[PDB]
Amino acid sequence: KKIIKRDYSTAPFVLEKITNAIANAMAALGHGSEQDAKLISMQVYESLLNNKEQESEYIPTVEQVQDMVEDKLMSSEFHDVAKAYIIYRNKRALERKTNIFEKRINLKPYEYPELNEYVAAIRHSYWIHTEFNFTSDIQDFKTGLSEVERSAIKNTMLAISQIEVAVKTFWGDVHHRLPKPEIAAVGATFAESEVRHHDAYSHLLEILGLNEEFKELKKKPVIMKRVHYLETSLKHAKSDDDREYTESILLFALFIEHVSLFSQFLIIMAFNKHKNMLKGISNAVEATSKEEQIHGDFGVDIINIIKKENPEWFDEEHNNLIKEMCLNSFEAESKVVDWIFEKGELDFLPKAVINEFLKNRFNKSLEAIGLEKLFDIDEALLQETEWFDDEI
């Protein structure tokens, strides 16, 4: 009575669909007739009937029906039709496969409609800094935070602005190498969120009087070693080779988007969760974290589409490079944290707790692709930042 289609949907069983598929294979070779096709269809039907005998819960698949058609054509006089059927079916199956790097003729239907959720995610998360009030935050600096706390916040703000207050064009340019309408939609939507993040942190540098301090940040050794791993990771961002460009997406989504700013997002939101201070800045950092989580997630999905389509590319040589880069990302981010707390650590958020938080983020990134974790974790120290992931 029913059939499971290729898209896993159920549809009413129509024997004429089997008859016509056989008749078309027959017509293509000039061997057989509508009468012969009807006979073969019945043989296929009688066989399906016998499968409902072994199991009452059985409903045939389109691929099970196809395998059966082929088997009956091999058992018949129409061997040339059987061979042509096998080849034709296999050719259509190969044509139905997707290539993320290849352009398509038609706009609709989408090849990866699940990616449309990323446009909806950013439209939901959409924010402008002008929606927040930084008045309490300015006062927290004037008459509520200690020299040690104010140095840590200043350094954290500067570290976020290093990445955020810049020209960011990776997502906006992703459609040049992944030429899909659904990816272009995501790319454009993410590019604009990067304009909003720039405007937020550029405003915060202004109102906090950190503009001069920001221009001189590039000359700091800790920042130069950070710029070095960031630029190394984006080495192939403009490459014409699809495998080289995949390395850029990988390191960018997994480590840049998902770990580079989160030691800093943690610090600002720690001050707020703990002391109920930095209200406006915390709101802006939380909204950034939410959009950064969406950015990294899309990258993880893109990598998994690439891996599924080109599994050969993901060998031991590739996996050792990712693990090499992951460690260099950690060592550089750990030294950024050391610089943030140059004037002293915070009793409520020590460097040890921040370092476990980073190590874990890097492991989750590795695990998201299908790689084994790189760091051993102190579960007790990690539990101290469980509140962060509950809020994002």
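Counting begins at 1, following the sequence as shown.
- Comparing 211-219 with 281-289, the higher mean C-alpha B-factor in the PDB entry belongs to 211-219.
- For the two regions 106-114 and 182-190, the entry's Cα B-factors average higher over 106-114.
- Out of 320, 156, 162, 99, it is 320 whose C-alpha atom has the highest B-factor in the PDB entry.
- In this PDB entry, the Cα temperature factor of residue 224 sits in the top third of its chain's modelled residues, the highest group.
- Compared with the other modelled residues of the chain, the Cα B-factor recorded for residue 78 ranks in the highest third.
- When the modelled residues of the chain are ordered by their C-alpha B factor, residue 240 lands in the highest third.
- Per the PDB record, residue ranking by Cα B-factor puts residue 272 in the middle third of the chain.
- Sort the modelled residues of the chain by CA B factor and residue 265 lands in the lowest third.
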